[PDB]
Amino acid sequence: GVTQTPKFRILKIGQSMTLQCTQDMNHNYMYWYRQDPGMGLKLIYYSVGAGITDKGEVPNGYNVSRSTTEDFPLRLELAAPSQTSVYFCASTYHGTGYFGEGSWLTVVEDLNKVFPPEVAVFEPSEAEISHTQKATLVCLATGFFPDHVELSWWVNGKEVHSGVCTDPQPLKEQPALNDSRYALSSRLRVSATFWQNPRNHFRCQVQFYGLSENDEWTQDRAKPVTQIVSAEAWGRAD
């Protein structure tokens, strides 16, 4: 298939960057797309073969080169906020189009705007257990900027999928504020009996993609690097 790197990146204004895109299928045609939150895929650049590149609708600020069939690197010369987007690369030739997994890129005023999530877990309610025989755990991830999180649930050391829901949209903690931080909620519902077992352990686990070993950091608080933050409960007998 198509593979593209940075899945996630935080860039400061003025910085440069390269998104790789590769494909082992021999497709001659390749494209870079961008996408703004809940909008359409707009075309940045495209190439029908080695040494042939051609502008799209929105090419201004990006360059592109295609010395080989296989690779189609996108290069951001100078980061502007307007370039905060999810980028997508594609390939076809005779039929089916193929997409990379995505590149989530946020361009920031300055790195001090980057924040990790705090993560709490809330035990199910005595009242729900009574009224449904079901128990619902809630996990909040709060106060993280870049919206770059992957939230997962682990029951007794194995990740679980059944009975989980995670908000597909995060929400702004300051809707008004331009680059406000974010909250995000998840649920794991299990049967009451399962929750009542004191030998069951429940971890809620959030992977945040932040700054790299290469970005300077001056501030009092912890440097917001890529990291896992979590909260856990054990089921209760009473």
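Each residue number is its position in the shown sequence, starting from 1.
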Exercise. According to the deposited model, is the average Cα temperature factor higher in 132 to 140 or in 150 to 158?
Worked result: 132 to 140
Seminar exercise, completed: Between 218 to 226 and 15 to 23, the record assigns the higher mean Cα B factor to 15 to 23
Problem set entry | Maximum C-alpha temperature factor, selected from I52, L171, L43, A192 | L171
Exercise. Out of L105, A79, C165, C89, which one has a C-alpha B factor higher than all the others in the entry?
Worked result: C165
For this session: Tell me, lowest, middle or highest third: where does the Cα B factor of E109 rank within its chain?
Result: highest
Seminar exercise, completed: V2: C-alpha B-factor third of its chain, per the entry, is the middle
Problem set entry | Ranked C-alpha temperature factor of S65 among modelled chain residues, by third | middle
Problem set entry | Assigned third (lowest, middle, highest) for the C-alpha B factor of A176 | highest
Exercise. Sorting the chain's CA B-factors, does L211 end up in the lowest, middle or highest third?
Worked result: middle
